[PDB]
């Protein structure tokens, strides 16, 4: 009752598709690293088992050529990366938001709050202001701009929107996450093998939501947000580091992220499952929940599926997003929320959440931090 409710979802990607099978050829070509046959072979193997069929990128041969800094491994390049990201992140978000807003069907003057998440560049005024402007929202929309957040921020913006919507009568929150790999793209290097991983998995994309409490008769609820939590996992210090430098944004992976999440995932779920027990007086198996999971990559999905003994269909909405768009950082989990709803229509499900009642939304980022939200289907 009065719970923050997802009322619309919209998504956007750059038009240009990069087929994953051939991406090594393109990548090692533009970075003039063709002479590194053993490294290229390693990269092709990573791409081949990534579970990704294609990614969408704003970045193309023309732009990368016009800006050779970005085609180096660690040369100066932040300024052109910023020029690109500061401009394109809000633009891609407007596209997603206009689709959310259409779905919602209400006038945009009714939007009272905006939460913007990204890991791709920073500016003042922020991407949140640029989007307010691009959409012609009211000037007194209350904004929260979440910069440099990482892959957990799709979940983070839903958590933030939940308290805005629930504590403010009438509030209608526009949530937008938008990412463009302009700030992380770099030449592959034998001295940065963990860097191959991001190069294989990260793609561009934006996703938006409308969230509000007390949906009106003309609004259409998709999911309810019942419980929200965040935590730093044990023995995970330094797992993912991301340093914004003159060379742009560099990642360092120093621990087994899939394994750590796997190791702790039952613990993470304990309280949201207590809450369900409080309301439904029952205790579902993990496989009796639907899953809206950040597609960090195939290994996290496989190992959580194995650990929690999930029917193979449960990760399917997540893997669908991974297959078609790769890892778009914070926007990704909201793409999965959309896909979850889309398949409920196509596969004639009894609810928006794979025909089940309760669902788990999960995002993962530097910390190692996990965001957990308990959803209810409609």
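Positions refer to the first chain, counted from 1.
- With 14 to 22 and 362 to 370 compared on mean CA B-factor from the PDB entry, the stretch scoring higher is 14 to 22.
- In this entry, 243 to 251 shows the higher mean Cα temperature factor of the pair 243 to 251 and 163 to 171.
- Ranking 317, 30, 52, 333 by the C-alpha B-factor listed in the PDB entry places 30 at the top.
- Across the options 155, 132, 89, 285, the residue with the most elevated CA B-factor in the record is 285.
- For residue 217, the recorded CA temperature factor ranks within the highest third of the chain's modelled residues.
- Ranked by Cα temperature factor within the chain, residue 1 sits in the highest third according to the deposited record.
- When the modelled residues of the chain are ordered by C-alpha B-factor, residue 40 sits in the highest third.
- Compared with the other modelled residues of the chain, the Cα B-factor recorded for residue 67 ranks in the highest third.
- Per the deposited record, the Cα B-factor of residue 77 falls in the middle third when ranked against the other modelled residues of its chain.
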